[PDB]
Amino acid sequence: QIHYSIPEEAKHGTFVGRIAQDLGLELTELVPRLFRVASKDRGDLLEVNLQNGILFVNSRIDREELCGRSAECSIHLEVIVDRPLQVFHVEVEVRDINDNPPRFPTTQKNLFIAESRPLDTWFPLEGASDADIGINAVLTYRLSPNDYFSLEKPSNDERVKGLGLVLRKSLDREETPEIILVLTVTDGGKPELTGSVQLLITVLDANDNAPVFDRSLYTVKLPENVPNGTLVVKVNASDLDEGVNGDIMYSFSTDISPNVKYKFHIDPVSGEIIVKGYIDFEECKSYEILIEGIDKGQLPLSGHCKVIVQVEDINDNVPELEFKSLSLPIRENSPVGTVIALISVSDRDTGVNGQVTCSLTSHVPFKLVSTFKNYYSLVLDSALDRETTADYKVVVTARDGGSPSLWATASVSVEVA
């Protein structure tokens, strides 16, 4: 056993060692004895010049093609001489040379990371492989200086495995749709060789945003007895998420009043609220409708808006007349100033639509006077004469100030005693 040592990938004709002398042989002895050198399994990697007895590198010695991922590598040369036939053994180690760079399976990698992913959670990032063995194979990793993600180098200790790509900062798809990272790797053996990777990460859309109405409060005015289907309002809502997490369906809140839910209808898609049932100002002066906009995600989110509608009074109620008192038949002796009947007037409407004025036929001695708001007394004006006219027919007309106006009458047969 005689041991030599050379680095791989050596230049053609590299001095391995004077094999003749080291085997105790002499120069004039080499040629006649047919000094031969053979390899075990490889081939013509090493050759011997007989004139100087020098063992040298014959062909390209690629270490990784021989031992591969093995730590120890050595070419075994058997040496044969004849007359007499002697056999010697020389083993020459092949030291590793850092002539291969750290390579990744993919130069660019599309990663898909969810927006809902918790912090302090790492994603399996592929590591680079190296053909070399030893310090030349010791890999050092480096992440691009970005704020969203951090890197954690693997350790030898058990219960901890995998190249670390750790979350420490929150992520939002709407703010930044894609993040581009760069992973650089350098071996430990000099000269240094590098490897780069362009990680293209597209953050997935999570349903973490609720729909939002342009106006948080809508105020519309609606007349009375407007036909069903009349466009009350048109609402618009928006949502930052995409897909079914972005599409919005409209509805009335579950806390809505039954009468309100029966008086109005809302298009789930259009968001336009229209009149459904009869609307009376004298029944309800206004309505306060809560509107819910809800997306179509797995876990639905809801936004809300308040739509208050003030009903507007129209003159649609005919005035009411009522004789509350009577003093009939009236004596002929009755002086000027006596009261015959007390009149009461009402109007269900409001404002000028409910402001009623009263009049009467002028062919009657009696007079009409306002004693109080919406109250009249039919007072005898001028004198009478029983035999001339023993009877009268007092028609009283009540008329509101609406535009247009409604009117009602009330007659009374006034007999004279």
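Residue indices: 1-based, along the sequence shown.
Look at the mean CA B-factor for 231 to 239 and for 328 to 336 in the entry; the higher one is 231 to 239. When 372 to 380 is weighed against 37 to 45, 37 to 45 comes out higher, by mean CA B-factor as recorded in the entry.
Reading the B-factor column for the CA atoms of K161, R83, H89, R215 in the entry, the top value corresponds to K161.
By the numbers in the PDB entry, the CA B factor is greatest at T194 among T194, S251, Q310, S74. Ranked against the other modelled residues of its chain, the C-alpha B-factor of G271 as given in the entry falls in the highest third. Among the modelled residues of the chain, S362 sits in the highest third by CA temperature factor in this PDB entry. Among the modelled residues of its chain, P223 has a C-alpha B-factor that falls in the middle third, as given in the PDB entry. When the CA B factors of the chain's modelled residues are split into thirds, the value for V318 lands in the lowest one. Among all modelled residues in this chain, the alpha-carbon of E64 has a temperature factor (C-alpha) in the lowest third.
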